[PDB]
Structures are given as C-alpha cells and as structure tokens.
K.L.:
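Can you keep this structure in mind? I'll have questions shortly.
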Amino acid sequence: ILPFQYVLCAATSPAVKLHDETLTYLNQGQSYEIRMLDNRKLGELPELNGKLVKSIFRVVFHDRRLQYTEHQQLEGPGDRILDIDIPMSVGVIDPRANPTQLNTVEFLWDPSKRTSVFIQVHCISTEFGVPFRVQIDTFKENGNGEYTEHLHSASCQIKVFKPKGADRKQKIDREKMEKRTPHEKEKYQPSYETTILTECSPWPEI
C-alpha cells in the first residue's frame with residue numbers, strides 16, 4: 001500500500017471546502033516538525049527492515065503551470081528557501097542542503113525509529129499570495145549506497161507569511177467562518193491540528 005506517512009505539525013485552515021486539498025499557513029523562518037512514520041502493515045517491503053531510506057524534500061509552486069514556468073525563482077549570498085533545523089531534529093541521518101537547489105533538502109532515516117525533521121521555509125507567498133507545495137519523495141538503496149529506487153511521494157499545500165502572519169490569517173479564517181450560516185458551515189472541512197501529506201505523483205527526476 002502506502003509505506004510511509006508524513007505529518008507536518010501545523011494546523012490546517014478552517015476555510016477549505018469538504019473534499020478539497022488542505023491548506024496550511026506557516027510563518028517564514030519558524031521551525032516546523034514533520035514526523036516521518038512507517039505506515040507498513042506486517043509483511044510489506046521486508047527489504048526495508050534494518051535499512052535506511054532517503055527522503056528528498058522540496059518547496060515548489062503548488063499550481064502546476066506556475067511551477068512549470070517559474071521553477072527557477074525557487075531554485076537559485078547564502079539565501080535558502082528550505083532548510084533543515086538539524087539541532088531540533090530527531091533521527092535525521094546525514095542531512096544535506098543542495099547548494100544548487102535552494103528549495104531542496106534530503107536526509108536518511110530509519111522507519112523503525114522515531115524520526116522528526118524540523119524545517120524552515122524562507123520564501124513568502126506574497127513575494128510572488130501564491131500557494132506552495134511541500135513535496136517529499138522517498139527512496140531505498142539496493143546495497144551500493146545509491147538511494148535511487150522510488151518508494152513513495154506525498155505533498156501538502158502551504159502558504160507562507162512574514163512571522164505572526166500565519167496566526168493572523170488563521171484568525172481571519174476562523175472569524176470568517178463564525179459568521180456563516182449553519183448550512184454553509186457544513187460545506188467546509190474542520191481545521192485539523194496537523195497536516196497529513198497526501199499521495200502525489202513522483203517528482204519527475206530524483
């Protein structure tokens with residue numbers, strides 16, 4: 001099935017319709033926890049038992065046409081769009097920030113062990129209010145240390161604000177929903193206290 005689950009520890013907006021993708025507001029530069037979980041039932045991928053996997057994280061534009069045309073705005077002194085807060089992280093092995101892709105980081109982890117990566121996002125949605133996508137692609141190696149066999153990809157939709165802006169936008173969403181009729185409130189999903197990433201197409205290259 002789906003061998004892993006990734007949980008971004010930030011609440012979703014309460015102003016999204018029932019069956020639409022979640023939207024999560026983040027503050028620029030704030031460390032956010034992403035829990036890396038084994039989602040396998042008994043028996044799946046025993047080759048993973050006792051080995052590590054590699055996850056590659058990207059922050060890209062959520063709209064596909066905007067990503068197709070403006071991807072280089074996020075890719076690239078010392079000005080990164082995505083970074084790993086290594087001192088706060090747990091179970092994060094050999095973390096690396098790609099010096100040529102300022103919106104990409106990677107690390108190894110053991111799905112049998114507690115694993116929480118903390119990330120900071122430094123691009124702001126209004127410097128282009130466009131949504132971004134946090135995407136994770138996860139790989140195994142086959143005995144030569146090359147983590148190149150794709151296992152799983154998932155992603156979530158975010159907007160990033162200058163700090164406190166995410167709290168402000170979440171408050172505006174709450175106060176907008178409070179004004180709506182009962183019959184219209186029913187058409188929206190509640191805010192969830194974490195953001196569970198959902199399966200997506202693999203990134204077209206490793």
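Position 1 is the first residue of the sequence, and the numbers go up from there.
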K.L.:
Less than 4.0 Å between a side-chain N and a carboxylate O, is that true for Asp173 and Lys169?
P.N.:
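Salt bridge between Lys169 and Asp173, a charged N being under 4.0 Å from a carboxylate O: yes.
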K.L.:
Are a donor atom and an acceptor atom from the side chains of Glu149 and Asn142 found within less than 3.5 Å of each other?
P.N.:
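Yes, side-chain donor-acceptor contact under 3.5 Å.
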K.L.:
Specify the closest pair of heavy atoms between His152 and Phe4, including all atoms of both residues, with the distance to one decimal.
P.N.:
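The pair with the smallest heavy-atom distance is CE1-O, 3.4 Å.
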K.L.:
Shortest non-hydrogen contact from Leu151 to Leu45?
P.N.:
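Shortest heavy-atom separation between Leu151 and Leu45 comes out as CD2-CD1, 4.3 Å.
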K.L.:
Verify ring-ring contact (aromatic ring centres under 6.0 Å, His included) between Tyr68 and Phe61, making sure each step is shown before the conclusion.
P.N.:
CA-CA 9 Å; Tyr68 173 75; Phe61 296 109; over 10 Å; no
K.L.:
I'd like to know if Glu141 and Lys51 make a salt bridge, using a cut-off of under 4.0 Å between side-chain N and carboxylate O.
P.N.:
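Here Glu141 pairs with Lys51 in a salt bridge, since their nearest N and O are under 4.0 Å apart.
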K.L.:
Checking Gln135 against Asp137: is there a side-chain donor and acceptor pair closer than 3.5 Å?
P.N.:
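Short answer, yes.
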K.L.:
State whether a side-chain donor-acceptor pair under 3.5 Å links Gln30 with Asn27.
P.N.:
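Side-chain D/A pair, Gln30 to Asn27: present.
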K.L.:
Which of parallel (below 30°), tilted (30 to 60°) and perpendicular (above 60°) describes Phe139 and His150?
P.N.:
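Perpendicular, since the angle between the ring planes exceeds 60°.
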K.L.:
Just checking, any donor-acceptor pair under 3.5 angstrom between side chains of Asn49 and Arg40?
P.N.:
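Per modelled atom types, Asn49 and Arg40 side chains form a pair under 3.5 Å.
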K.L.:
May I ask you to check whether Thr24 and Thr195 show a side-chain donor-acceptor distance below 3.5 Å?
P.N.:
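Their side chains do contain a donor-acceptor pair, which is all the 3.5 Å distance test asks for.
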K.L.:
Establish, from distance only, whether the side-chain atoms of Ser155 and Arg133 form a donor-acceptor pair under 3.5 Å.
P.N.:
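Present: a donor and an acceptor within the cut-off.
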K.L.:
Assign the ring pair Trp109 / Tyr6 to parallel, tilted or perpendicular, where the plane angle (0 to 90°) is split at 30° and 60°.
P.N.:
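Ring orientation of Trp109 relative to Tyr6: perpendicular.
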K.L.:
At what distance, to the nearest 0.5 angstrom, does CD of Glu106 lie from CD1 of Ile136?
P.N.:
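The CD atom of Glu106 sits 13.5 Å away from the CD1 atom of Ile136.
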K.L.:
If we check side-chain contact (heavy atoms from CB on, under 4.5 Å) with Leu8, which of these qualifies: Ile196, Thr194, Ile158?
P.N.:
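Going through the options one by one, the only one that passes is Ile158.
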K.L.:
Here's a test for you: under ring pair (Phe, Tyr, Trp, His ring centres under 6.0 Å), which of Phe161, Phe132, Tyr32 qualifies with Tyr25?
P.N.:
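For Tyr25, the ring pair (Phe, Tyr, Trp, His ring centres under 6.0 Å) test succeeds with only one of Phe161, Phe132, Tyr32, which is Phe161.
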K.L.:
Before accepting this row, confirm whether a basic side-chain N of the pair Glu178/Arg174 lies closer than 4.0 Å to the acidic partner's carboxylate O.
P.N.:
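Between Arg174 and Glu178 there is no salt bridge, as every charged N stays at least 4.0 Å from the carboxylate O atoms.
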